[PDB]
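Input: a single structure, listed below in structure tokens.
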Amino acid sequence: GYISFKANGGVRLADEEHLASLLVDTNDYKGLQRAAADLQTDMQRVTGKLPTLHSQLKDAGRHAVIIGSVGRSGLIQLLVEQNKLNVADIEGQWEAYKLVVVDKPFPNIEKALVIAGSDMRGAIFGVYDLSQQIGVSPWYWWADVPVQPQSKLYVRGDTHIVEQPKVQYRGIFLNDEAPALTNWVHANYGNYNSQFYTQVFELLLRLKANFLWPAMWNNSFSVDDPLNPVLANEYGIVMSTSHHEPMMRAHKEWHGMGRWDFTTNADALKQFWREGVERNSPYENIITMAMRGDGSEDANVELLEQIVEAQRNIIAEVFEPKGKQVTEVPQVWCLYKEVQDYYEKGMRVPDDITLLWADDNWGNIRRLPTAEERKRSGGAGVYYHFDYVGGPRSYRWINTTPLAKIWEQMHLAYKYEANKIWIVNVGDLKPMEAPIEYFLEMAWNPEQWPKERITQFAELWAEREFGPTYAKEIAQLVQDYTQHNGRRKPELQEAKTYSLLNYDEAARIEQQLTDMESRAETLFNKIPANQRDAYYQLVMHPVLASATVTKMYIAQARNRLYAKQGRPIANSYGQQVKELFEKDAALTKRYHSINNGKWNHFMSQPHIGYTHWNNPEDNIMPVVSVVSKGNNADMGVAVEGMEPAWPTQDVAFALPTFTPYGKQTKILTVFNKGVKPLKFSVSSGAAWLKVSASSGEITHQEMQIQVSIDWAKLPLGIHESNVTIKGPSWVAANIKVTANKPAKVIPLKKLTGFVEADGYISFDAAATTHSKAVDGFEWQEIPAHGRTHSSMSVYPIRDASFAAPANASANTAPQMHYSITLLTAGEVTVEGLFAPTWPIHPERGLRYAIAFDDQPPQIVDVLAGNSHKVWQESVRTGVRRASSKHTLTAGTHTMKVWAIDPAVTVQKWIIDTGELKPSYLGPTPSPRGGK
Amino acid sequence: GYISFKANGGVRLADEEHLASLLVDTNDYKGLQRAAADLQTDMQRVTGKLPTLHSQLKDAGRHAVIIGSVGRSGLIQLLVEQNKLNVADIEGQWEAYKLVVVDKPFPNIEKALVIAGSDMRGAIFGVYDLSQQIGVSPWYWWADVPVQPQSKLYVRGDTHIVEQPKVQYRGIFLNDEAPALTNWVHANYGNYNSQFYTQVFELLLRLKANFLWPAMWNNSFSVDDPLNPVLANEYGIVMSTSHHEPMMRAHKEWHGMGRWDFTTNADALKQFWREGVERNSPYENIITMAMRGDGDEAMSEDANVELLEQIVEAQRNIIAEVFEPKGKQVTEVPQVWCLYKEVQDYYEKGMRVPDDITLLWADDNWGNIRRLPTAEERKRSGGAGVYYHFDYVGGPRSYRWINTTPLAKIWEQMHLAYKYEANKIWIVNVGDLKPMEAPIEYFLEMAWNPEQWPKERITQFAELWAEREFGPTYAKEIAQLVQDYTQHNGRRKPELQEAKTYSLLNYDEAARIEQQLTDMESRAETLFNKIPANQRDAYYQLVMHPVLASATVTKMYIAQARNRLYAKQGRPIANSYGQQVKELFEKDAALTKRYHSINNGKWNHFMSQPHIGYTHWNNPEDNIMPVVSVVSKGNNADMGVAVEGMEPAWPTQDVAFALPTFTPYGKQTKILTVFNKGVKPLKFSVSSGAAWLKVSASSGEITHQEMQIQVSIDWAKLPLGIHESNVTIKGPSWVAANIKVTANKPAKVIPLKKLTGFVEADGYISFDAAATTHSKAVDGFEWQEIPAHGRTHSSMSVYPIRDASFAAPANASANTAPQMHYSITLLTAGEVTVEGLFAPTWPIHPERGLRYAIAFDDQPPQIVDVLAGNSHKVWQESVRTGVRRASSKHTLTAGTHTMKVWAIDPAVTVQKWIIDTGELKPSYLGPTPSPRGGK
Ligand code: NA
Ligand code: NA
């Protein structure tokens with residue numbers, strides 16, 4: 001950046017006793033003067049010394065910061081008049097600022113940093129740019145991020161920065177606010193009054209945002225404190241309402257006036273709306289239009305048109321005497337659900353009204369502008385969710401939105417030109433600090449944050465708050481817990497989520513999570529003391545809390561399964577459920593206790609015990625089973641991959657089939673259902689079948705027998721034998737083992753591509769062997785996207801579809817090629833895992849084409865078979881799925897994928913060759929041959 | 001009876017100081033003299049005085065008992081010579097006896113009871129007939145039944161008893177004997193030696209039985225004590241072996257001689273067999289024939305048949321050779337062969353089976369006889385018999401612990417055996433013997449003469465047995481307790497019971513079963529305190545232990561079921577049901593301790609069989625307390641609602657909450673249960689959305705308790721047709737619970753008394769098979785009631801037993817066969833499904849099924865075969881559940897109908913009909929019988 005912490009011949013903001021003078025015209029915007037005053041205290045935070053703030057150039061010292069708007073600063077204007085400054089690059093622009101150094105701007109001033117803005121907010125944003133660069137995080141108060149001391153602050157002489165936003169209105173919606181934000185606000189401020197809201201306004205400005213929808217569950221912004229809109233307007237925050245709160249009226253303001261129904265109560269509604277728009281007319285707003293009524297298709301469309309027409313006439317009547325026409329008063333309409341269909345079927349919407357497109361409440365944008373809609377003077381915007389109360393189930397507790405998910409969807413919005421308004425539902429605001437800042441930095445300029453800077457954003461954020469030493473590790477912790485929560489909201493997690501039986505999924509997840517926790521715990525003791533509060537609330541708490549909920553359900557799953565199997569070890573897992581549940585409570589209490597209880601109530605959202613879409617009233621520890629012991633030695637055997645334990649009537653006991661490149665060692669677990677010593681023998685029925693022990697003895701512990709194959713002693717083809725385990729009882733346990741060796745087993749080093757094992761071939765979409773670009777379009781990797789690794793998608797963004805390929809050599813579109821080795825000849829099923837995206841362009845699907853070798857390509861639409869139930873499952877799991885069937889010979893093959901429609905974004909491919917088993921995430925990527 | 005406890009001018013067996021003299025010839029059979037000595041001691045048990053025992057007429061007093069065999073008593077022979085006695089009615093017969101009074105049999109004797117037998121055992125049985133009549137139960141030792149004291153014993157002067165058995169060989173198999181019998185035997189006798197077996201011999205003779213298969217899991221009768229067979233033969237017990245132990249060799253005796261395989265090891269097997277048969281040749285036996293080799297499974301049917309013919313020929317030659325130097329041809333040496341499973345098929349397809357060998361037909365290990373003789377087979381000189389089970393180790397699951405065989409089940413199957421003439425051998429697997437005392441005696445009394453024990457005396461047997469052991473005052477109540485616990489156990493073996501058996505959701509089944517079991521326990525406990533002190537050991541082991549033990553196991557699984565469901569529903573009350581599981585498991589354990597402690601630990605080990613914790617056919621090594629769930633509470637008030645008939649509790653995503661539909665004659669009050677998942681006070685309101693829908697409360701407040709809301713219909717305010725409304729329950733959360741209620745009133749509701757027959761309600765019509773309106777007899781045949789048969793009430797079957805099928809009725813006018821008619825009232829017009837519950841019987845005559853025909857009103861009859869779709873799996877479920885099922889579909893108008901059932905094939909035995917009119921739900925036993933119209 002442009003700030004140096006040692007002398008550099010530039011502008012001297014601070015150097016020991018010497019501090020630059022801050023200059024702002026007392027006739028400039030009050031909101032800019034206020035921001036200048038914040039810069040004054042910011043510099044004291046950094047240097048320990050308070051710089052002076054003057055309005056007259058004559059009172060300035062040798063070095064100065066000259067702050068002003070082009071329109072109202074006598075300082076900026078004098079510099080322009082005397083050609084010390086040119087503002088042609090910002091003049092007339094929306095929220096632009098220029099930071100430049102000027103030599104001898106005035107006789108008593110040697111050097112000045114000039115901060116010039118096109119308008120009030122432009123100048124404010126330039127001021128807070130400087131605040132952050134000298135070391136004051138936007139989150140210095142809102143997340144206790146310490147301000148690193150500096151005795152020296154210098155501005156580079158060649159500094160020349162010209163900035164302005166790409167999205168015109170950028171901000172947040174405080175929502176889902178009880179119990180957490182609401183009980184904190186009431187404890188600290190009494191209510192959602194202007195002492196609370198000025199803390200919110202300041203945060204938004206420091207993040208270069210300008211837009212707010214206020215808390216409305218049980219509050220009315222303009223009524224609860226008349227200074228709320230006055231201070232919003234003075235600060236520079238543009239106010240609006242959520243999209244079912246029309247005409248500047250909060251939801252709760254409608255009382256004692258009859259039914260919310262325009263067909264029967266229009267006069268009352270119209271007077272209510274008129275007085276609302278009149279009341280807030282002194283302030284900078286965007287007015288919400290239309291309405292959702294309470295209690296025929298052509299009748300609906302007609303009614304909505306009447307309503308909007310009536311609202312337009314109200315606005316005209318209010319603002320006409322104030323010298324404004326209806327087309328000069330910002331207005332917004334969210335065309336939501338059926339209303340979108342109304343609109344596509346020809347409903348009329350005045351051209352100047354902004355069309356706000358909503359996501360699906362789960363981070364997937366439902367609709368974006370078409371080529372013809374982009375011509376509307378009102379433009380369009382996006383309303384996005386980080387938090388939601390509704391179906392299929394609420395998620396309200398901690399951050400569950402990975403940065404890369406945000407990137408991929410908001411980049412589509414940017415490219416399809418929904419750039420009038422970007423607003424995100426932040427729930428209680430905390431603990432969404434990182435994705436809030438990402439969303440708003442992206443809104444400022446999406447081109448400054450391309451997909452190759454997704455990881456870098458998190459690293460840079462961590463470096464700013466905590467310093468460089470552990471920045472990479474801290475960024476990775478955040479990327480890791482958010483990716484994990486992106487797999488399934490904590491509220492939606494349960495015992496059955498991660499598989500105990502297949503591909504060691506629950507065990508792998510538990511280990512991942514535990515390693516994340518250990519990293520987070522360890523750093524707590526290594527960072528400086530004044531970082532601990534910030535670190536706890538921004539990193540350690542969400543990591544430990546996220547891990548604890550999942551581990552709790554995995555322990556529950558084990559308690560339940562092992563109890564069904566009759567294993568007394570089940571009780572130890574029941575004890576683990578209790579410990580993890582208690583740990584969840586202890587973490588919440590810690591969050592409520594740090595920094596003398598500053599953040600008490602913010603983690604009070606219930607998140608354990610959901611049985612339907614709405615939260616329980618409190619956390620409830622999950623149900624556990626209790627296994628009793630007998631007395632005499634009594635043997636059971638648990639078999640890897642199976643729910644029933646031996647002995648069980650009418651069950652064929654078998655280990656999963658061994659394959660040459662699959663899992664090589666599998667477990668039989670012998671256990672005692674009594675207390676007296678249990679002696680047993682173990683024998684194999686074939687020379688190729690190996691067991692790790694020939695006998696054992698146990699009392700209250702279990703014993704694992706490892707089973708494996710000697711492939712050299714196994715004939716070609718499919719063969720079966722038994723492991724026999726003989727305990728005290730005269731009936732021995734016989735566990736069948738099968739091994740399939742279709743041919744001589746070539747060493748993996750000498751194979752090509754991803755190799756079939758254990759009934760499947762699995763690989764990340766980015767693990768291509770070749771990529772072919774066509775007409776400047778190419779499948780490219782989105783780092784850290786999706787549930788397990790990354791995704792691929794076509795860039796640049798098209799607003800047209802490629803032709804499907806006629807044959808498997810057609811170069812109609814960019815392609816991805818993969819290499820595989822198939823052992824099992826026959827029909828395979830290739831499933832892709834995709835971002836759960838919508839048909840954001842009417843009547844256009846999410847098609848791709850796929851073929852092996854020179855077989856005729858098949859067209860697959862990810863959205864084929866779409867339904868409400870299919871959509872529900874796409875947001876519960878975080879992916880959409882699509883598949884195709886192919887017949888292949890044994891040997892090597894090339895899988896080919898062609899792009900067709902835009903916005904198809906694929907993370908993983910899973911090929912079922914016949915024996916694929918269910919899991920939440922799919923098997924981990926297959927063995928890969930040595931080239 | 002013929003014994004009086006006051007003077008009556010007959011034979012004075014005892015009167016204070018005066019006792020009759022017992023007379024038996026010292027040249028008569030040793031085993032009869034032995035029985036006479038037991039009578040001497042039995043007399044002392046009753047009177048405290050020992051009668052004298054002499055051989056010489058000179059020594060007798062003025063009253064005497066003269067005991068002898070026709071063939072070897074000089075006493076009996078003299079009486080016959082002088083025409084003081086006639087024995088034409090018993091001479092030459094098998095095991096016959098005669099009890100009569102003779103005046104002045106000799107100069108110094110004024111009166112005598114004469115006990116004359118056609119052969120040794122006939123005489124013995126006569127002796128023990130008298131022992132029992134003076135007051136010594138067969139179970140005086142084996143179940144601690146007290147001997148009532150009497151100072152006076154008189155034989156009525158008109159006594160004239162002539163008895164002989166219908167079944168020639170009658171007895172038991174000690175089996176499944178470890179751990180319980182085996183550990184008791186070892187503690188008391190050291191091993192299965194003659195000190196143990198003479199106790200068994202005596203019991204069998206007192207029960208008028210004569211046949212035994214000995215314990216063979218880890219013992220060899222003839223080897224463990226050489227006196228075993230010596231004393232068996234001397235006492236009069238005919239010895240044999242179980243049907244895979246050929247040629248008088250126990251299973252364990254085969255060791256160190258190579259494979260049990262005739263193809264490769266014939267010479268060793270033959271010598272082994274020859275030595276066995278030679279060893280036991282001095283004793284009265286039936287020799288088990290054939291063999292099951294170790295590798296018969298690997299071999300073709302053709303080869304198996306050839307090999308069996310070879311083996312049996314070789315065995316016959318061995319017997320011929322062994323007995324020729326003795327006085328006997330092979331056709332004079334009793335032999336038996338159980339043609340079992342596929343070997344039965346071998347026989348039906350032409351395998352050679354020598355004509356004089358007795359054919360033993362086994363049951364299916366679950367009390368259903370697999371096969372009985374055909375008309376042509378009854379001509380075979382060897383005859384046929386039945387091997388029956390009271391206990392079994394094997395599939396689908398072992399049952400080893402307590403008595404699970406109701407008397408009426410035994411009656412109906414053994415009666416078929418009798419009428420199809422399998423009367424050469426009746427033998428029953430009794431497991432450890434105890435606690436099968438009542439059904440053992442029943443089986444053996446029936447074997448003695450099935451005609452003395454018709455179905456109309458099934459209840460009476462139990463009452464007479466209770467009266468003998470405990471006296472008349474509470475005999476009927478005691479008999480009812482035994483009938484109740486055995487009926488219940490006949491529904492599902494304790495070993496096979498589990499949480500899911502009895503329904504928590506439908507027809508209040510688990511709650512009703514629990515209450516019936518609790519009330520049975522209360523009767524047993526109340527009676528315990530009323531009986532005399534010296535009857536309490538016998539009462540405990542014969543009545544109270546099995547009653548409480550049977551009840552406790554079922555109640556335990558019901559408590560587990562509630563714990564599991566309520567835990568899934570998130571109800572903290574689940575934890576109290578978890579505690580009940582524990583208490584009931586501990587009670588089971590304590591009852592076992594009590595059984596092992598009575599009478600100074602006399603019966604220690606007999607109840608040690610593990611019976612809780614089965615997961616496959618073979619027992620666990622110890623009882624294991626069932627798994628329970630633990631529910632946790634939150635803090636804040638949080639409302640749930642459990643809905644009667646539904647597993648999910650409110651709130652649950654994607655579930656339509658509704659009470660079962662209300663019908664005019666169905667259940668009138670149904671329950672919504674409001675509960676708190678937290679601890680703080682929970683307030684709520686309750687409202688109905690319709691004037692016809694009534695709720696018992698409009699608001700409530702709970703902390704730790706649940707609250708039931710009763711829901712019901714005001715039928716007068718309900719319009720005709722089907723209507724729905726909601727009960728709305730509003731708690732703390734802003735999301736209210738809406739439970740749908742539906743009521744179906746197809747017409748004006750006539751009072752039940754004005755209706756006729758069984759009335760549709762809640763989607764079904766249900767009634768006992770005996771609840772007929774008419775029972776048409778045809779050609780001397782009639783459907784008749786078997787009392788106490790089946791799972792809930794009784795059964796109906798056609799008698800007399802036929803060995804031919806009626807013609808199926810060609811149409812509604814056909815009077816081909818006896819018919820049962822029932823009356824019903826249907827509210828729901830349309831298709832119905834009529835299911836019958838039947839005895840789980842086999843095709844006991846090859847090529848013949850279990851058909852009946854059924855129709856409503858004048859509609860055409862449909863023929864149903866109960867065995868249609870038969871399979872191993874269908875068989876397994878029939879023995880798990882105790883019934884076979886069959887069904888038919890009919891389309892009926894609303895209104896009154898007559899259901900009609902025609903007999904076709906024999907041995908169709910039906911206990912219950914359940915008609916599904918569209919909404920029948922699953923339950924173990926089916927709904928209780930429907931409301932019955934007054935008309
Ligand atoms: Na929240
Ligand atoms: Na037993």
Side-chain angles (χ1 to χ4, degrees), chain A residues 172-185 215 217 361 385-390 393-401 424-433 435-436 485 489-491 537 541-542 545-546 588 591-592 599 601-608 610 614-616 619, chain B residues 172-185 215 217 365 389-394 397-405 428-437 439-440 489 493-495 541 545-546 549-550 592 595-596 603 605-612 614 618-620 623:
Chain A
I172 68 178
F173 177 28
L174 302 173
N175 191 227
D176 307 337
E177 60 260 35
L181 178 63
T182 289
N183 291 346
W184 180 86
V185 165
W217 266 18
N361 302 313
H385 281 80
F386 291 167
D387 202 80
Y388 181 63
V389 177
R393 187 175 289 182
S394 299
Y395 58 99
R396 302 168 60 152
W397 174 49
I398 61 171
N399 179 22
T400 67
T401 308
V424 56
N425 187 328
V426 300
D428 309 279
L429 204 167
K430 299 178 72 60
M432 313 300 173
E433 301 88 348
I436 288 166
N485 289 347
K489 309 296 183 199
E491 290 85 345
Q537 64 198 271
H541 180 84
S546 294
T588 289
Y591 191 108
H592 290 165
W599 308 110
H601 301 308
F602 257 116
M603 277 299 124
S604 62
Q605 171 63 231
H607 55 281
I608 304 166
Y610 274 79
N614 196 42
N615 58 5
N619 296 315
Chain B
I172 69 178
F173 178 25
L174 305 176
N175 190 222
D176 307 336
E177 60 264 31
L181 178 64
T182 293
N183 291 345
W184 180 86
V185 167
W217 269 15
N365 300 318
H389 282 77
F390 291 165
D391 201 83
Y392 178 62
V393 172
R397 186 173 292 177
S398 296
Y399 60 99
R400 306 173 63 157
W401 173 49
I402 58 175
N403 180 22
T404 64
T405 306
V428 54
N429 184 327
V430 300
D432 305 278
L433 207 164
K434 300 179 73 60
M436 314 299 174
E437 302 90 343
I440 284 165
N489 285 351
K493 310 299 183 194
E495 288 86 344
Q541 68 198 268
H545 183 81
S550 299
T592 290
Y595 193 102
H596 286 165
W603 307 111
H605 299 305
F606 262 114
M607 278 298 118
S608 65
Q609 172 63 234
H611 54 282
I612 302 169
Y614 275 78
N618 193 41
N619 58 2
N623 294 317

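In listed order, ligands and their atoms are each counted from 1. Every chain is numbered from 1 and lettered A, B, ... according to where its sequence line falls, protein lines coming before strand lines.
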Donor-acceptor contact below 3.5 Å, side chain A:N619 vs main chain A:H607: yes

Short side-chain to backbone donor-acceptor contact, B:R400 and B:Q609, under 3.5 Å: no

Listed protein N/O/S atoms, distance to the Na ion (ligand 2) under 3.0 Å: B:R400 O, B:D432 OD2

A:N485 side-chain N/O to A:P490 backbone N/O, donor-acceptor pair under 3.5 Å: no

Check: B:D391 and B:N175 side chains under 4.5 Å, non-hydrogen atoms: no

B:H596 (side chain) donor-acceptor with B:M607 (main chain) under 3.5 angstrom: yes

B:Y614/B:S398 under side-chain contact (heavy atoms from CB on, under 4.5 Å): CA gap, chis, key distance, verdict: CA-CA 9 Å; B:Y614 275 78; B:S398 296; 3.7 Å; yes

